[PDB]
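Chains L and S, in that order, are what the protein sequence lines are.
If you read the first sequence in full-length UniProt numbering, its first letter stands for residue 342, the second for the next number, and so on.
If you read the second sequence in full-length UniProt numbering, its first letter stands for residue 342, the second for the next number, and so on.
So the structure is just underneath, and the comments pick up after that.
Protein chains: 2
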Amino acid sequence: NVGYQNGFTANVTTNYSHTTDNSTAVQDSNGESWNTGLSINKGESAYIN
Amino acid sequence: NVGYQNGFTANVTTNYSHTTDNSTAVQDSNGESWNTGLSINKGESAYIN
Numbered sequence: 342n343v344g345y346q347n348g349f350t351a352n353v354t355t356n357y358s359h360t361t362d363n364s365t366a367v368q369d370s371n372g373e374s375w376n377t378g379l380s381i382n383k384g385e386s387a388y389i390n
Numbered sequence: 342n343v344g345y346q347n348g349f350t351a352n353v354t355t356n357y358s359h360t361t362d363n364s365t366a367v368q369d370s371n372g373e374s375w376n377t378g379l380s381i382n383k384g385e386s387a388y389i390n
């Protein structure tokens, strides 16, 4: 950066850095389900008397 | 960093830090489903009179 404050000024900055990280997690689950169902046979589909 | 403000200036900064974190979450779910289907036998596939 440059600028004006009681005359001309300038600054040049550098930077470097190194971070590390580690973590856990635990996740449960639970559920239920239902179902129905049919079928049919077209041809030979009923019996009579 | 180095620079010029009323003469030569320089600065050297260090840094270190340590953060922790923990969190929860709760997720529900719901759904429905439909299905159809056929079948055939290519041979003995029709009866007659």
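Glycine included, every Cβ here is placed at the ideal spot set by N, Cα and C.
Residues of its chain near residue i, where Cβ-Cβ distance is below 7 Å and the 5 sequence neighbours each way are ignored
i	result
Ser380 of chain S	none
CB contact flag (residue i, residue j, <7 Å)
i	j	result
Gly344 of chain S	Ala351 of chain L	yes
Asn342 of chain S	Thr354 of chain L	yes
Contacting residues, own chain, Cβ-Cβ under 8 Å from residue i (five flanking each side not counted)
i	result
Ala387 of chain S	none
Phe349 of chain L	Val343
Coarse secondary structure for residue i, derived from DSSP in three states
i	result
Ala387 of chain S	coil
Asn356 of chain S	coil
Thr350 of chain S	strand
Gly344 of chain S	strand
Cβ-based contacts, 7 Å cut-off: residues of the stretch 342-374 of chain S near chain L:
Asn342, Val343, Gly344, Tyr345, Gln346
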